[PDB]
file my_file-v6.pdb (PDB, C-alpha atoms and all ligand atoms)
MODEL        1
ATOM      1  CA  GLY A 533      11.776  -6.347  24.062  1.00  0.00           C
ATOM      2  CA  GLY A 534      10.385  -8.513  21.201  1.00  0.00           C
ATOM      3  CA  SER A 535      12.512 -11.344  19.654  1.00  0.00           C
ATOM      4  CA  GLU A 536      11.707 -10.337  16.004  1.00  0.00           C
ATOM      5  CA  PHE A 537       8.544  -8.131  16.374  1.00  0.00           C
ATOM      6  CA  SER A 538       8.968  -4.317  16.598  1.00  0.00           C
ATOM      7  CA  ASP A 539       7.769  -2.648  19.858  1.00  0.00           C
ATOM      8  CA  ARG A 540       7.507   0.798  18.032  1.00  0.00           C
ATOM      9  CA  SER A 541       3.625   0.564  17.883  1.00  0.00           C
ATOM     10  CA  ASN A 542       1.253  -0.179  14.920  1.00  0.00           C
ATOM     11  CA  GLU A 543       2.029   3.295  13.354  1.00  0.00           C
ATOM     12  CA  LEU A 544       4.928   1.805  11.281  1.00  0.00           C
ATOM     13  CA  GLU A 545       3.033  -1.455  10.443  1.00  0.00           C
ATOM     14  CA  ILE A 546       0.342   0.399   8.387  1.00  0.00           C
ATOM     15  CA  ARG A 547       3.141   1.891   6.159  1.00  0.00           C
ATOM     16  CA  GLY A 548       4.920  -1.519   5.798  1.00  0.00           C
ATOM     17  CA  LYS A 549       1.949  -2.932   3.717  1.00  0.00           C
ATOM     18  CA  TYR A 550       2.100  -3.507  -0.090  1.00  0.00           C
ATOM     19  CA  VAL A 551       0.232  -5.070  -3.087  1.00  0.00           C
ATOM     20  CA  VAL A 552       1.775  -6.700  -6.249  1.00  0.00           C
ATOM     21  CA  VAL A 553       1.699  -4.601  -9.472  1.00  0.00           C
ATOM     22  CA  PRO A 554       0.448  -6.735 -12.458  1.00  0.00           C
ATOM     23  CA  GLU A 555       2.128  -6.692 -15.929  1.00  0.00           C
ATOM     24  CA  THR A 556      -1.306  -5.466 -17.253  1.00  0.00           C
ATOM     25  CA  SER A 557      -0.986  -2.259 -15.097  1.00  0.00           C
ATOM     26  CA  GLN A 558      -1.030   1.172 -16.813  1.00  0.00           C
ATOM     27  CA  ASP A 559       2.605   2.363 -16.219  1.00  0.00           C
ATOM     28  CA  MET A 560       2.621   0.827 -12.638  1.00  0.00           C
ATOM     29  CA  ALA A 561       0.719   3.874 -11.216  1.00  0.00           C
ATOM     30  CA  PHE A 562      -2.515   5.044  -9.491  1.00  0.00           C
ATOM     31  CA  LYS A 563      -3.599   8.204  -7.521  1.00  0.00           C
ATOM     32  CA  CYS A 564      -4.738   8.597  -3.887  1.00  0.00           C
ATOM     33  CA  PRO A 565      -7.954  10.787  -3.882  1.00  0.00           C
ATOM     34  CA  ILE A 566      -7.448  11.521  -0.096  1.00  0.00           C
ATOM     35  CA  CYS A 567      -4.073  13.386  -0.285  1.00  0.00           C
ATOM     36  CA  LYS A 568      -4.095  13.777  -4.165  1.00  0.00           C
ATOM     37  CA  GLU A 569      -0.781  11.823  -4.610  1.00  0.00           C
ATOM     38  CA  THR A 570       0.450   9.268  -7.212  1.00  0.00           C
ATOM     39  CA  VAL A 571       1.779   5.800  -6.150  1.00  0.00           C
ATOM     40  CA  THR A 572       4.393   3.977  -8.292  1.00  0.00           C
ATOM     41  CA  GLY A 573       5.490   0.295  -8.390  1.00  0.00           C
ATOM     42  CA  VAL A 574       8.887  -0.955  -7.018  1.00  0.00           C
ATOM     43  CA  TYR A 575      10.786  -4.170  -8.038  1.00  0.00           C
ATOM     44  CA  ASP A 576      10.929  -7.383  -5.915  1.00  0.00           C
ATOM     45  CA  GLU A 577      13.992  -9.550  -6.776  1.00  0.00           C
ATOM     46  CA  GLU A 578      12.701 -12.651  -4.834  1.00  0.00           C
ATOM     47  CA  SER A 579       9.329 -13.077  -6.681  1.00  0.00           C
ATOM     48  CA  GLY A 580      10.639 -11.327  -9.852  1.00  0.00           C
ATOM     49  CA  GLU A 581       7.591  -8.969  -9.848  1.00  0.00           C
ATOM     50  CA  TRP A 582       6.734  -5.352  -8.765  1.00  0.00           C
ATOM     51  CA  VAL A 583       4.956  -3.970  -5.608  1.00  0.00           C
ATOM     52  CA  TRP A 584       2.982  -0.824  -4.651  1.00  0.00           C
ATOM     53  CA  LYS A 585       4.445   0.324  -1.277  1.00  0.00           C
ATOM     54  CA  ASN A 586       2.047   1.700   1.443  1.00  0.00           C
ATOM     55  CA  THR A 587      -0.963   0.828  -0.873  1.00  0.00           C
ATOM     56  CA  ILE A 588      -4.491  -0.685  -0.560  1.00  0.00           C
ATOM     57  CA  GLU A 589      -7.223  -1.618  -3.112  1.00  0.00           C
ATOM     58  CA  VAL A 590     -10.939  -1.593  -2.037  1.00  0.00           C
ATOM     59  CA  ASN A 591     -14.153  -2.004  -4.082  1.00  0.00           C
ATOM     60  CA  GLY A 592     -12.494  -0.939  -7.422  1.00  0.00           C
ATOM     61  CA  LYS A 593     -10.624   2.125  -5.923  1.00  0.00           C
ATOM     62  CA  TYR A 594      -6.951   2.652  -4.918  1.00  0.00           C
ATOM     63  CA  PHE A 595      -5.597   4.410  -1.801  1.00  0.00           C
ATOM     64  CA  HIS A 596      -2.562   4.710   0.518  1.00  0.00           C
ATOM     65  CA  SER A 597      -2.749   2.331   3.538  1.00  0.00           C
ATOM     66  CA  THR A 598      -1.886   5.210   5.983  1.00  0.00           C
ATOM     67  CA  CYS A 599      -4.467   7.534   4.294  1.00  0.00           C
ATOM     68  CA  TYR A 600      -7.349   4.971   4.101  1.00  0.00           C
ATOM     69  CA  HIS A 601      -6.722   3.852   7.760  1.00  0.00           C
ATOM     70  CA  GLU A 602      -7.922   7.361   8.893  1.00  0.00           C
ATOM     71  CA  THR A 603     -11.191   7.037   6.795  1.00  0.00           C
ATOM     72  CA  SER A 604     -12.065   3.321   7.542  1.00  0.00           C
ATOM     73  CA  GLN A 605     -15.737   3.432   8.724  1.00  0.00           C
ATOM     74  CA  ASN A 606     -16.214   0.252  10.856  1.00  0.00           C
ATOM     75  CA  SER A 607     -18.238  -1.112  13.863  1.00  0.00           C
ATOM     76  CA  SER A 608     -19.869  -4.454  12.749  1.00  0.00           C
TER      77      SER A 608
HETATM   78 ZN    ZN B 701      -2.703   9.435   0.243  1.00  0.00          ZN
ENDMDL
END

call {"tool": "encode", "arguments": {"input": "my_file-v6.pdb", "output": "structure tokens", "more": "lines below"}}
Ligand SMILES: [Zn+2]
result
Amino acid sequence: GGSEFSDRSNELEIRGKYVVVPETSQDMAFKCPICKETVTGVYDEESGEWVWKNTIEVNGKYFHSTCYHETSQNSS
């Protein structure tokens, strides 16, 4: 019984991630090569900017956070 944290495991917390879409972006979109699916930006009224929901950037490539989490090679 958390005060403000969810007890529903880390499974939801991967999908809750986002990254800000710049005004220089090509139509606010990119494609996930893992599942072959296109992400689109969504407006944020507080900052006055846009955000890519469930999205991650790494080494010049774009992916879904839930997709890339399955392929994250790590040990060091
Ligand atoms: Zn994907």

call {"tool": "atom_distance", "arguments": {"input": "my_file-v6.pdb", "atom1": "CA of residue 576 (chain A)", "atom2": "CA of residue 597 (chain A)"}}
result
19.3 Å

call {"tool": "atom_distance", "arguments": {"input": "my_file-v6.pdb", "atom1": "CA of residue 543 (chain A)", "atom2": "CA of residue 598 (chain A)"}}
result
8.6 Å

call {"tool": "resolve_selection", "arguments": {"input": "my_file-v6.pdb", "expression": "the PyMOL selection byres (((not hetatm)) within 6 of (chain B and resi 701))", "output": "VMD selection string"}}
result
chain A and resid 564 566 to 567 569 596 599

call {"tool": "residues_near_point", "arguments": {"input": "my_file-v6.pdb", "point": "(2.8, 1.7, -0.7)", "cutoff": "10 Å", "atoms": "only C-alpha atoms", "output": "ChimeraX atom specification"}}
result
/A:546-551,571-574,583-588,595-598

call {"tool": "atom_distance", "arguments": {"input": "my_file-v6.pdb", "atom1": "CA of residue 603 (chain A)", "atom2": "CA of residue 542 (chain A)"}}
result
16.5 Å

call {"tool": "closest_residue", "arguments": {"input": "my_file-v6.pdb", "among": "A:554, A:592, A:565, A:534", "to": "residue 580 (chain A)", "atoms": "only C-alpha atoms"}}
result
A:554

call {"tool": "build_atoms", "arguments": {"input": "my_file-v6.pdb", "residues": "region 544-564 of chain A", "atoms": "N, CA, C and O atoms", "output": "compact mmCIF listing (two decimals), in the frame of the given file"}}
result
# COMPACT_ATOMS: atom_id res chain seq x y z
N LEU A 544 4.01 2.24 12.34
CA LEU A 544 4.93 1.80 11.28
C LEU A 544 4.37 0.64 10.45
O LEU A 544 4.66 0.52 9.26
N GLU A 545 3.56 -0.23 11.06
CA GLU A 545 3.03 -1.46 10.44
C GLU A 545 2.00 -1.18 9.34
O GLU A 545 1.94 -1.91 8.35
N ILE A 546 1.24 -0.08 9.45
CA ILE A 546 0.34 0.40 8.39
C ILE A 546 1.14 0.75 7.11
O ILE A 546 0.73 0.40 6.00
N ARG A 547 2.28 1.42 7.27
CA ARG A 547 3.14 1.89 6.16
C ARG A 547 3.97 0.76 5.53
O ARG A 547 4.34 0.86 4.36
N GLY A 548 4.22 -0.32 6.27
CA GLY A 548 4.92 -1.52 5.80
C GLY A 548 4.13 -2.40 4.81
O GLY A 548 4.72 -3.29 4.20
N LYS A 549 2.82 -2.18 4.64
CA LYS A 549 1.95 -2.93 3.72
C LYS A 549 2.28 -2.66 2.24
O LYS A 549 2.73 -1.57 1.89
N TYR A 550 2.00 -3.63 1.37
CA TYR A 550 2.10 -3.51 -0.09
C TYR A 550 1.18 -4.48 -0.83
O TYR A 550 0.68 -5.45 -0.26
N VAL A 551 1.00 -4.24 -2.14
CA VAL A 551 0.23 -5.07 -3.09
C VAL A 551 1.01 -5.24 -4.40
O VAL A 551 1.65 -4.29 -4.85
N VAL A 552 1.01 -6.42 -5.01
CA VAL A 552 1.78 -6.70 -6.25
C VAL A 552 1.19 -5.94 -7.44
O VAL A 552 -0.01 -6.00 -7.70
N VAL A 553 2.05 -5.25 -8.20
CA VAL A 553 1.70 -4.60 -9.47
C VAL A 553 1.66 -5.65 -10.60
O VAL A 553 2.67 -6.31 -10.84
N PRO A 554 0.53 -5.81 -11.32
CA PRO A 554 0.45 -6.74 -12.46
C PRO A 554 1.14 -6.18 -13.71
O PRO A 554 1.23 -4.96 -13.91
N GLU A 555 1.56 -7.06 -14.62
CA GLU A 555 2.13 -6.69 -15.93
C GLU A 555 1.11 -6.01 -16.87
O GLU A 555 1.50 -5.35 -17.84
N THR A 556 -0.19 -6.15 -16.58
CA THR A 556 -1.31 -5.47 -17.25
C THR A 556 -1.53 -4.03 -16.75
O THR A 556 -2.32 -3.30 -17.34
N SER A 557 -0.86 -3.61 -15.66
CA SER A 557 -0.99 -2.26 -15.10
C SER A 557 -0.59 -1.15 -16.08
O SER A 557 0.38 -1.27 -16.83
N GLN A 558 -1.34 -0.05 -16.06
CA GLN A 558 -1.03 1.17 -16.81
C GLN A 558 0.13 1.93 -16.15
O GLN A 558 -0.05 2.68 -15.18
N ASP A 559 1.35 1.72 -16.66
CA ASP A 559 2.60 2.36 -16.22
C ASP A 559 2.93 2.20 -14.71
O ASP A 559 3.63 3.03 -14.12
N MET A 560 2.41 1.14 -14.06
CA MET A 560 2.62 0.83 -12.64
C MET A 560 2.19 1.94 -11.66
O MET A 560 2.80 2.10 -10.60
N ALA A 561 1.14 2.70 -11.99
CA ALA A 561 0.72 3.87 -11.22
C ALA A 561 -0.80 4.01 -11.02
O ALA A 561 -1.60 3.65 -11.88
N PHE A 562 -1.16 4.61 -9.88
CA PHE A 562 -2.52 5.04 -9.49
C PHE A 562 -2.43 6.28 -8.58
O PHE A 562 -1.36 6.60 -8.07
N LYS A 563 -3.55 6.99 -8.36
CA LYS A 563 -3.60 8.20 -7.52
C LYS A 563 -4.52 8.04 -6.31
O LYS A 563 -5.66 7.58 -6.44
N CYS A 564 -4.03 8.46 -5.15
CA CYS A 564 -4.74 8.60 -3.89
C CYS A 564 -5.68 9.82 -3.93
O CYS A 564 -5.16 10.95 -3.94
